[PDB]
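What follows is a single structure, written as structure tokens, with notes after it.
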Amino acid sequence: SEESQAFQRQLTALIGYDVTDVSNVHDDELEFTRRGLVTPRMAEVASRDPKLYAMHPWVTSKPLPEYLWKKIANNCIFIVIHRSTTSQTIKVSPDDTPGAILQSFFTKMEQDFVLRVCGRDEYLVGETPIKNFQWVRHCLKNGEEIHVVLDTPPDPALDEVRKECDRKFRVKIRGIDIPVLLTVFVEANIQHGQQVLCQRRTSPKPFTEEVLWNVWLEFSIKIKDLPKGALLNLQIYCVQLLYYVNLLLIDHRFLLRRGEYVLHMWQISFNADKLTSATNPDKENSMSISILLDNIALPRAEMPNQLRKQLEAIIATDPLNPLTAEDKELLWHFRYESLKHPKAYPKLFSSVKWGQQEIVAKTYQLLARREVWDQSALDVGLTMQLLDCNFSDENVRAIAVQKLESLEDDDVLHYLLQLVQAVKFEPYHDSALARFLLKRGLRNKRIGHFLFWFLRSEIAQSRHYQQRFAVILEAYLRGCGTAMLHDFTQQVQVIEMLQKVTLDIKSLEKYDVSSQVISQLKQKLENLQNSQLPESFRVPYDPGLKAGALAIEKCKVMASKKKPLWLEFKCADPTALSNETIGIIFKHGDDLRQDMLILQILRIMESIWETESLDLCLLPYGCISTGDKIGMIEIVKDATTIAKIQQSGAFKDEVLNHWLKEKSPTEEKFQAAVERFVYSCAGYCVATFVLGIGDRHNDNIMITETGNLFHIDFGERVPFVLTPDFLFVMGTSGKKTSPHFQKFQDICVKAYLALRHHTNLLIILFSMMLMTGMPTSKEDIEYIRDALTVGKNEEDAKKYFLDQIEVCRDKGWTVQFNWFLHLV
Ligand SMILES: Cc1cc(-c2ccn3nc(N)c(C(=O)N[C@H]4C[C@H](O)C4)c3n2)cc2c1C(=O)N([C@@H](C)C1CC1)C2
């Protein structure tokens, strides 16, 4: 009664939205959704192992790749256990568990200890080999030593949770109202997975602040034939589309929707925002439409060769390959043959007349005989397809979520962002996907941390979906535990402190930054640290890192038009061996949602390349959107742009080679940096060509002192950046060939073909990226299909990509120059 007052108040602040608010609704779905999610929360809180929940050991069951096996000498791993002062190095075999490693220590010198990593709140514990922890693999990858602190297991009490009809369907369009303002009409559609079943327009009246029709619109479709999730899509045109809004004809309690509705509309090729049951909360300025609904609840033969081959041909096509009327009818007639092929499912369930009850019944009868689907090896791409906008049946979407259950927590992180955005395609608030995210979020602190920030990011900058995500986020926070509630509170404060500074500082816009503006920043960062700021906080992009006090000397405003903040924190962990500060960039103004999605696809391409033992050394530096147009980015130490290397605005060839030569002390190291360059450049060439973001200016491409190339901004045409200065490191020039350039070619083709083996996964994540993260036509989605050379053999595709390399060779500097040329 009394204790709930402050706690709900608290939850609102972490969310950035009041989930008890009733100002922008016309039914109790969101409240029923809150009350519904209590069950899966309390089960997962009850079921989770309290010891391992606190430890959150970051583990994988995948094979350790062939490249990291070469780094291992003779079945031996050096691990350095530390006391408060002294430390000893242990020889360990990759197969050894935390337990077996702890037996070796006690013998050398009660088991109430755990091998915590130095500098980070990350642990080595549980029935897992030392090779199967992700932190150990990071050390082997980067060539770092493995440093550990023998200390106390953290008390699980810190993670404690608080207590608690054959008639036709019709709609009356009364009229439209707008406070402030050609002809105008209203188009009422009946939608199921953005497939228009039924459509009726009104008569075109003149456009004014009030336009009334009072017309019954009788549709073709009957009441009984309406499927669950069917979406009454009201739209206002004037030739051109101005406003839109949606209403679910069958509600969360399976009841037919009836009564008067004054729905406030959104304002302006398809987008994830167009599907939302959310009405516009800005009632002061928005367009409005009035409707009345007065209408009850929702309740063995040999196939020919040629048709079998015709059917198998249809299953073999990519997701974006459209099914004709003929293709669908074939898939349906032979649905029991189709059902034996898991890859058919998206096409099969796309080939269903969802506006007929008898057919949907048969579709549900078909989903019962699911032996092959349940037994099938998990395909994530195929699963993602069944959660996109094209599918809106609950039971269909459920079988996709069923396959996701088997994923490791390591795999959930790889797809978490895209799975969070997939919630936008759910017809109803409460869903199998939402519950899966919550359930896997509560089971694992790391997933839960990144879940919090993914939901909070959307809540801050999506009026279309903030209501939905908030209810989910409130449900996570109600079971995450006191420890994590405190951590999120400390993080949310720090971001709120820094959001104010960056907003005020920018006002004080010519590209050159003033000297006193830096001193003004340092004045405010003195002020912040003294009074309001918390002593430490978890780094949102890397929650293992505990960033403490703030190094005011090294902080500055960065020489850009958008004036981001170069920030630099001292580490909070005393066991931290390195004295190097935690560099963080904090930017404002840009919309990071789009780029954050592209980075997650880049992280996915790494894991594809890992499974085929290729280490292309991409950099997906920590990059989290922390709120409305603001986010924290990891500062890669020892890194600079190409443009600063060049301009030190002319163009030169030999400079990039000299920059590595000088910055590398020993000549033997320089070649390892050249090796790192050739891999990274190959990786960044392939990936940018696939995503269609290769044509880029030098300033947005960076390079480490250790030779690692990477990109920091995403958008005669060039397919990708392979300019002369890159090639001068590689050896070739003009019309010649070199050994490193042939190695570059070998990695690019092996990289390109590797990605082509997961063509469907890449296509669907690309398709989803454009729908969920943008203010998009089929032409836009159709690029990646052409870029991946769909339906073509490997030798044909090798030829394709090697020509794109030669296109960059033929043009050379021609495209780089045009940045400056078009500027005036
Ligand atoms: C603005 C920005 C800087 C970095 C970045 C990352 C790591 N590092 N390490 C360094 N040493 C630097 C660095 O010196 N950056 C200076 C910028 C130039 O003046 C040189 C760096 N930058 C990443 C992104 C951005 C940006 O907008 N993104 C977008 C694409 C994303 C949504 C937020 C990424």
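Quick grid of which residues meet (1) of a type in the set (D, E, K, R); (2) touching a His at 6+ places or on another chain (Cβ under 7 Å); (3) assigned to a loop (DSSP other than H, G, I, E, B):
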position: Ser61; (1), (2), (3): no, no, yes
position: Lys70; (1), (2), (3): yes, no, no
position: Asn75; (1), (2), (3): no, no, yes
position: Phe78; (1), (2), (3): no, no, no
position: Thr89; (1), (2), (3): no, no, no
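Out of everything in region 342-359 that is out of contact with any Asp or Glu (no Cβ under 9 Å at 6 or more places or on another chain) and of a type in the set (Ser, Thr, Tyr), what residue ends up being nearest to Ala325 (Cα to Cα)?
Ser350
Within region 332-400, considering only helices (runs of 4 or more DSSP H) that don't extend past its boundaries, which have at least 1 residues that are of a type in the set (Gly, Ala, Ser) and over 29 Å from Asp166 (Cβ atoms)?
On the way: elements: 335-338, 345-350, 357-368, 371-375, 380-385.
Output list reads 335-338, 380-385.
Among the residues of region 98-154 satisfying the criterion of being hydroxyl-bearing (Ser, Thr, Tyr) and under 17 Å from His56 (Cβ atoms), which is farthest from the chain's Cα centre (by Cα)? Spell out the reasoning first.
Of the residues in region 98-154, the ones hydroxyl-bearing (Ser, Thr, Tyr) are 104, 107, 123, 128, 152.
Of the ones still in play, those that are also under 17 Å from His56 (Cβ atoms) are 123, 128, 152.
On the way: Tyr123: 26, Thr128: 28, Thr152: 35 Å.
Of everything passing the filter in region 98-154, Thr152 is farthest from the chain's Cα centre (by Cα).
Filter region 698-734 for residues that are within 16 Å of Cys748 (Cβ to Cβ) and in contact with a strand residue (DSSP E or B) (Cβ under 7 Å, 6 or more places away or on another chain); which is farthest from the ligand (Cβ to nearest atom)?
The first filter runs over region 698-734 and keeps only residues within 16 Å of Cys748 (Cβ to Cβ), leaving 709, 718-723, 726-727, 729-732.
Subset that is in contact with a strand residue (DSSP E or B) (Cβ under 7 Å, 6 or more places away or on another chain): 709, 721.
On the way: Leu709: 12, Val721: 16 Å.
Filtering first and then ranking leaves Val721.
If you check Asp746 against the conditions, is it surrounded by fewer than 17 Cβ atoms within 10 Å (Cβ to Cβ), of a type in the set (D, E, K, R) and either more than 30 Å from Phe670 (Cα to Cα) or more than 16 Å from the ligand (Cβ to nearest atom) (or both)?
yes
For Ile604, which of the numbered conditions (1) over 25 Å from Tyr465 (Cβ atoms); (2) away from the ligand (no atom under 13 Å from the Cβ); (3) surrounded by 15 or more Cβ atoms within 10 Å (Cβ to Cβ) fails to hold?
Result: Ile604 fails condition (1) only.
Need pairs with beta-carbon distance below 6 Å; first residue more than 22 Å from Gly119 (Cβ to Cβ) and in a loop (DSSP other than H, G, I, E, B) and within region 542-566, second within 11 Å of the ligand (Cβ to nearest atom) and among the small types (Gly, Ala, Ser); sequence gap 6+ or separate chains.
As it stands, the answer is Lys562/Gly589, since those pairs meet every condition given.
Among the listed residues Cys617, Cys623, which satisfies the condition of being of a type outside the set (A, V, I, L, M), under 30 Å from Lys750 (Cα atoms), within 10 Å of the ligand (Cβ to nearest atom) and in contact with a helix residue (DSSP H, G or I) (Cβ under 9 Å, 6 or more places away or on another chain)? Steps first, please.
Numbers: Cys617 fails: within 10 Å of the ligand (Cβ to nearest atom).
Only one candidate passes the filter, namely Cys623.
Hey, could you check region 403-461 for residues that are small (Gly, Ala, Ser) and not in a loop (DSSP other than H, G, I, E, B) and say which is surrounded by the most Cβ atoms within 10 Å (Cβ to Cβ)? Break it down stepwise before answering.
The first filter runs over region 403-461 and keeps only residues small (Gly, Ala, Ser), leaving 406, 422, 431-432, 434, 441, 448, 457, 460.
Filter once more, keeping what is not in a loop (DSSP other than H, G, I, E, B): 422, 432, 434, 441, 448, 457, 460.
Details: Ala422: 25, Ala432: 19, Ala434: 25, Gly441: 30, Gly448: 24, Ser457: 25, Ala460: 18.
Result: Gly441.
Determine which member of the set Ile221, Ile236, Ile176 is assigned to a strand (DSSP E or B) and within 16 Å of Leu256 (Cβ to Cβ). Write out each step before concluding.
On the way: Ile236 fails: within 16 Å of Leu256 (Cβ to Cβ); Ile176 fails: within 16 Å of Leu256 (Cβ to Cβ).
Only one candidate passes the filter, namely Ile221.
Pull out all pairs, ordered by first then second residue, where Cβ-Cβ is under 6 Å, the residues are six or more apart or on different chains, the first lies in region 713-737 and is more than 16 Å from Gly683 (Cα to Cα), and the second is among the charged types (D, E, K, R) and outside any helix (DSSP H, G or I).
Listed by first residue and then by second, the contacts come to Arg717/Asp695; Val718/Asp695; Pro724/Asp653; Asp725/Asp653; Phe728/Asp653; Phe728/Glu654.
Give the residue that is surrounded by the most Cβ atoms within 10 Å (Cβ to Cβ), with candidates limited to residues of region 653-685 that are over 28 Å from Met605 (Cα atoms) and of a type in the set (A, V, I, L, M, F, W, C).
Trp659
Give the residue that is nearest to the chain's Cα centre (by Cα), with candidates limited to residues of region 462-495 that are basic (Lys, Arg) and in a helix (DSSP H, G or I). Break it down into steps so the answer makes sense when it comes.
So the first thing to find is which residues in region 462-495 are basic (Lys, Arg), and the list is 463, 468, 478.
Filter once more, keeping what is in a helix (DSSP H, G or I): 468, 478.
Numbers: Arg468: 17, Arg478: 24 Å.
This residue is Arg468.
When you look at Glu284, is it exposed (fewer than 13 other Cβ atoms within 10 Å of the Cβ) and closer than 28 Å to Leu232 by Cβ, yes or no? So that I can check it myself, show each step before the final result.
Numbers: exposed (fewer than 13 other Cβ atoms within 10 Å of the Cβ): yes; closer than 28 Å to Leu232 by Cβ: yes.
Considered against the rule, which asks whether it is exposed (fewer than 13 other Cβ atoms within 10 Å of the Cβ) and closer than 28 Å to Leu232 by Cβ, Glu284 comes out as yes.
With within 15 Å of the ligand (Cβ to nearest atom) and in contact with a helix residue (DSSP H, G or I) (Cβ under 8 Å, 6 or more places away or on another chain) as the only criterion, which of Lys554, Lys524, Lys563 stands out? Before the answer, list the steps.
Details: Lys554 fails: in contact with a helix residue (DSSP H, G or I) (Cβ under 8 Å, 6 or more places away or on another chain); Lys524 fails: within 15 Å of the ligand (Cβ to nearest atom).
Criteria check complete, one pass: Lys563.
What number of residues within region 314-328 satisfy the criterion of being more than 20 Å from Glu782 (Cβ to Cβ) and surrounded by fewer than 15 Cβ atoms within 10 Å (Cβ to Cβ)? Lay out the reasoning, then the answer.
Restricting attention to region 314-328, the residues satisfying the condition of being more than 20 Å from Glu782 (Cβ to Cβ) are 315, 325-326, 328.
Pick out the ones that are also surrounded by fewer than 15 Cβ atoms within 10 Å (Cβ to Cβ) and you get 325-326.
Looking only at that region, the number is 2.
Do any residues in region 623-646 that are over 18 Å from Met558 (Cα atoms) have Cβ atoms under 9 Å from those of residues that are near the ligand (Cβ under 10 Å from one of its atoms) and of a type outside the set (A, V, I, L, M, F, W, C), where the two are at least six apart or on different chains, and which pairs are they?
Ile624/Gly631; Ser625/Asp591; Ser625/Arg593; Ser625/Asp595; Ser625/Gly631
If we keep just the residues of region 631-647 that are near the ligand (Cβ under 6 Å from one of its atoms) and more than 15 Å from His711 (Cβ to Cβ), which is surrounded by the fewest Cβ atoms within 10 Å (Cβ to Cβ)?
The qualifying residue surrounded by the fewest Cβ atoms within 10 Å (Cβ to Cβ) is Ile635.
Read-outs: derived from the displayed coordinates by stated rules, not from any lab. Cβ sites come from the backbone with ideal geometry, for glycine too, and all protein chains shown count toward neighbours.
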